[PDB]
There are 4 protein chains.
Amino acid sequence: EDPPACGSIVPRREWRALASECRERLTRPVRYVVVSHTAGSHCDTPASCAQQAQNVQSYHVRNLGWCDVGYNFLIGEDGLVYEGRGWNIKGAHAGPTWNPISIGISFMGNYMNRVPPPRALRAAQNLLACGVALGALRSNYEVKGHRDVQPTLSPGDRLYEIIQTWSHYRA
Amino acid sequence: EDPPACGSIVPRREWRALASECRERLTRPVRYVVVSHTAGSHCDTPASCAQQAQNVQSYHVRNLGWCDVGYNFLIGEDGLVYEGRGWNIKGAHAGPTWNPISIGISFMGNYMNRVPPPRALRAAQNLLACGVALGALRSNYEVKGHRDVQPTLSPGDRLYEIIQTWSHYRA
Amino acid sequence: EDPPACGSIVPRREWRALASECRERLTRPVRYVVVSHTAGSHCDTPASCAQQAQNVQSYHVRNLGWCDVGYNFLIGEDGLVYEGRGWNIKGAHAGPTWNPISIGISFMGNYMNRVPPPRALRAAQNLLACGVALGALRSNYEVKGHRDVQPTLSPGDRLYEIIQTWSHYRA
Amino acid sequence: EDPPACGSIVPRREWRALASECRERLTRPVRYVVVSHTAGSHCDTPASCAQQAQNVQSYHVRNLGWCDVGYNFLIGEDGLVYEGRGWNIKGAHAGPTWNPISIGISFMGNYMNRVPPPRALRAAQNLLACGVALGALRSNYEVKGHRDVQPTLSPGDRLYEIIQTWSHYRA
Ligand SMILES: OC[C@H]1O[C@H](O[C@H]2[C@H](O)[C@@H](O)[C@@H](O)O[C@@H]2CO)[C@H](O)[C@@H](O)[C@@H]1O
Ligand SMILES: CC(=O)N[C@@H]1[C@@H](O)[C@H](O)[C@@H](CO)O[C@H]1O
């Protein structure tokens, strides 16, 4: 009944992110979403999770010399979504084939034998619904596991098993 | 002109590799070597490492839909090197920035909570010495860990810790 | 496999193609697409382009002694795609390394100092999309310029610069 | 802004269309396709059919006072499809019952005593297949002749009998 009806996200400033230097854009509406895990520690409070995002970005920018954290969005077990390169800027999370044509969302943690809490699964599912609402994603977008498109255990066996049941999943 | 028999490497046919569709070439002498782990099951026999190489290649070719196993060589816990894309063909193991300028060797197993056995480490060292002797690698080649150039746990904490001690490692 | 109509192709009979003697099949799905230019006259009407397709085939078959026009498909500045050897027959357009592993599409014209009009570019890219849906081409096919696989001006400097921007382009 | 939209459709700007003022959106997936003829001049080259498209729209907009050319798409005997109101905007081509629930495509010419060439018929099928692939048309869309839904000779006797033979046609 009025337009902007979709998910809250922790803004970069809020998680105290280094300025992005990335400028290559995606073309909306984007067709694919690749779900990964950071494979590191998880966080379960808004406090722990903002720090984690700064840590993930630090690894990609400081160590890897990347223009910004590689993921478009990050999911906290705080139940919050952390803004990464966002809906419009090409990410660096799934290789040269998938990066220019997808949105990379990464769950912050390691989900090989642990599942993300429901507030995390809700957070991610709402963000995607929001992306469709916004025209950032196609209504018939496809979700892929990181391991479906790159050689990796990402997004973790437990999380991978869950995304496979999602409405938009397509291997 | 030195063409000696330094390659105690298991030929693709011997491990029953599917034919490669890859054709892009590396330019020798190659300056970099990127060390990864398959993060999967290890093998400590020629029979089982031949099968493991097929399984890793199967993942890359049948699932990821790639032209070949992404690694230039694989290292088995049987102490044997398995021919992947080899010295002359660009691998798909460390991203587009590092793939054209490196040889990617991957240890078949997960080394976050394990070190490769001494025979696998000798296998890898002997292979790089072979690469220098053939002129495939620069005599002062630089070794990187997979996690130094891409976001990943690869090649595993224990293996990462070992390679950082190598004469050829360059931070 | 899947029966869906896709694209619009000028069938061989319609451009009055001599019958094909070619028998060697390509193995589905094909990974590569090589784009060339005929370096011949261009044409901008269905009538003139049907004639051009017949002329190119005449050259290849009568003068070069080949079993058919060398390209799998030809693209006219009329914005139409002309059926060449088609999706299933190995062509003669990129040398012995690349012929057996690719589909060759050629823009009828010389694009060193001219570009094909948008309608020719659309037809080409739509044809490739159709190839994917038919299972003729890999979903992750890679498009190369003829000059990427043989020393040649083809597909002409102007055309090459354009295909470099295509989604599936990989030098 | 990535690969071009399916169907090899000549964009409005390419045929120098007057800007549209139409706003009413269709509800996808649209169930019906209504085939009409313009009953105007035909054309058989990109140059002349772009001009014909412009002529048809000029009449609809300048003379009839409509927000845009009434058809969703136009088909030329050059074998190309001309973008009219497109996939998402409600047309003005089949009356108040049919406009809201269909995509109207119109063959540019008078098909009372003449058939459209094969390339023009292929273009139409290319277009409809494309609409299904986009989600603009339902997979099992139904094709109607203009005279099936309004008192008219459109789409012309000769074209009407062809349409009745299409697998998606429904009397
Ligand atoms: O090539 C553009 C972009 O490439 C790199 O980001 C890569 C990354 O190195 C790889 O890991 C790979 O998986 O794909 C990413 C993008 O496709 C560079 O790091 C970056 O500096 C450069 O702009
Ligand atoms: C040099 C380079 O980046 N190569 C890529 C790899 O990252 C990519 O994801 C995959 C899919 O084609 O295989 C290689 O071609």
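In what follows, chains are A, B, ... by sequence order, proteins preceding strands, each numbered from 1. For ligands, and for the atoms within them, numbers begin at 1 and follow the listed sequence. Excluded from the calculations below are hydrogen atoms, water molecules and symmetry mates; all remaining heavy atoms, backbone and side chain alike, are included.
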Verify the distance criterion only: is there a donor paired with an acceptor across the side chains of C:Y32 and C:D148 at less than 3.5 Å?
no
So, for A:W87 and A:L134, which heavy atoms are closest and what is the spacing to 0.1 Å?
NE1-CD1, 3.8 Å
Which atoms of ligand 2 are found less than 4.0 Å from any heavy atom of B:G95?
3 (O)
Measure the distance from atom 12 (C) of ligand 1 to every protein heavy atom, then report the residue, atom name and distance (to 0.1 Å) of the closest one.
B:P96 CD, 3.2 Å
Would you mind listing which atoms of ligand 2 come within a distance below 4.0 Å of any non-hydrogen atom of B:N99?
1 (C), 2 (C), 3 (O), 4 (N)
To which protein heavy atom is atom 15 (O) of ligand 2 closest, and what is the distance rounded to 0.1 Å?
B:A92 CB, 4.7 Å
Subset of ligand 1 atoms that lie under 4.0 Å from at least one heavy atom of B:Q150:
10 (C), 11 (O), 13 (O)
Ignoring hydrogens and angles, state whether a donor on the side chain of A:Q54 or A:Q51 is under 3.5 Å from an acceptor on the partner side chain.
yes
From CA spacing to verdict: side-chain contact (heavy atoms from CB on, under 4.5 Å), A:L137, A:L128
CA-CA 8 Å; A:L137 292 181; A:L128 304 182; 4.1 Å; yes
Identify the closest protein heavy atom to atom 18 (C) of ligand 1: which residue and atom is it, and at what distance?
B:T97 OG1, 3.9 Å
Top protein contact for atom 19 (O) of ligand 1, by heavy-atom distance
A:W66 NE1, 2.9 Å
Starting from atom 2 (C) of ligand 1, what is the nearest protein heavy atom, named by residue and atom, and what distance separates them?
A:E24 OE2, 4.3 Å
Of all the heavy-atom pairs spanning B:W166 and B:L121, show the shortest one and how long it is.
CZ2-CD2, 4.4 Å
Give the contacting part of B:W66 toward ligand 2: side chain, backbone, both or neither, where contact means a heavy-atom distance below 4.0 Å.
side chain
Would you say the ring centers of B:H60 and B:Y71 fall short of 6.0 Å from each other?
yes
Can you confirm whether some protein heavy atom lies under 4.0 Å from atom 10 (C) of ligand 1, or whether none does?
yes
Identify the closest protein heavy atom to atom 7 (O) of ligand 2: which residue and atom is it, and at what distance?
A:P96 CD, 3.2 Å
Among all protein non-hydrogen atoms, which one is nearest to atom 16 (C) of ligand 1, and what is the separation to 0.1 Å?
A:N99 ND2, 3.2 Å
Protein non-hydrogen atom found under 4.0 Å from atom 22 (C) of ligand 1:
no
Any atoms of ligand 2 less than 4.0 Å from a non-hydrogen atom of A:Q150? List them with their elements.
9 (O)
With the side chain counted from C-beta on, respond yes when B:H93 and B:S106 share a heavy-atom pair under 4.5 Å apart, and no when they do not.
no
What residue and heavy atom of the protein are closest to atom 12 (O) of ligand 2, and at what distance?
A:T97 OG1, 3.8 Å
